[PDB]
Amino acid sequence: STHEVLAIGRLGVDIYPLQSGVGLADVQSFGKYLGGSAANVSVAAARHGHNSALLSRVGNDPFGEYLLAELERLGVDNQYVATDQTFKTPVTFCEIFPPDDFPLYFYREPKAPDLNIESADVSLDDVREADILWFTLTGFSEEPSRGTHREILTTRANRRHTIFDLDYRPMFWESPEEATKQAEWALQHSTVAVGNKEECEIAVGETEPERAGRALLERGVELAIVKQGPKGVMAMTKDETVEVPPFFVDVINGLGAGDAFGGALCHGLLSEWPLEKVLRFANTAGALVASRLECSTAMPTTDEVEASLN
């Protein structure tokens, strides 16, 4: 029981509005879906036909039971999602103001189950053997998950591919300095790094994309992916720098666009494709999720991404 993609990190219930363009005071009803970045990435990888697993936790409650069943329904192995005996399954609300404004309201207090992960919760054989290990900067925000991440990544030993989502949300950290310290350690144990401008700033102290990628490769990462929003997205190795323009769509809900990108990145890397094709494929996958109201339930299949790739 080795997996192609072993993702580690956030899992929770998204309670999102069923009317768009209204603030929470005007929302009349909300839906319910599986979410959390790491969980979304494990789903997106599964939708590309890969055998995918998530290391996370849920609470000992009906929302946690929901998420465990939904992961399996969406094609993700849930065997490393333990039930926490103390903390509640987190909920996240949002507002939906297209094209660019999707405010998030996290209820992850006082600690999310997903930040209570123990290396006991996972097979370290699978950690070593997995084709891809996917993890987040948020995973280093609190103990015991920080120490667990360090154990996992030490034993992982920078095997191809070990993918670091630079995932910076200031409200999850005591300070930017705290996040940078952890990101620096994690970069030295990663083969791929993915972040936007704020994220790359936190991780390597570089606002400009080309300097960002260079700073990331200096840590020993062999593929830097710098998301640029307006200017699109760049992929950099020691052998080549590739850039792709933004795939323009009618955005319904942009939340989790980057997780579908991350899942599609995993597929392109497992497929051994050229870097330009990986980045094109990943870039299109994220736009497809952004063009729908849903995320975890709406993750694009490989045929839907290949069709849209023009």
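Residue numbers here begin at 1 and follow the sequence given.
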Report summary line: Comparing mean C-alpha B factor in the record for 51-59 and 240-248, the higher one is 240-248
**Report entry** Between the two ranges 15-23 and 287-295, the one averaging a larger CA B factor in the entry
**Finding:** 287-295
Query raised in the report: So among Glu95, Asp126, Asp77, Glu174, who wins on Cα B-factor in the entry?
Result: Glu174
Query raised in the report: When you compare the CA B-factors of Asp84, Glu72, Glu142, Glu208 as listed in the entry, which one comes out on top?
Result: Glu208
Requested in this report: Just say lowest, middle or highest third for the CA B-factor of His267 relative to the other modelled residues in its chain.
Outcome: middle
Query raised in the report: Going by what the PDB entry lists, where does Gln182 fall on CA B-factor within its chain: lowest, middle or highest third?
Result: middle
Query - Among modelled residues of the same chain, the CA temperature factor third for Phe261 - result: middle
**Report entry** Chain-wide C-alpha B factor ranking for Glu218, given as lowest, middle or highest third
**Finding:** highest
Report summary line: In terms of its chain's C-alpha B-factors, the third that includes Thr191 is the middle
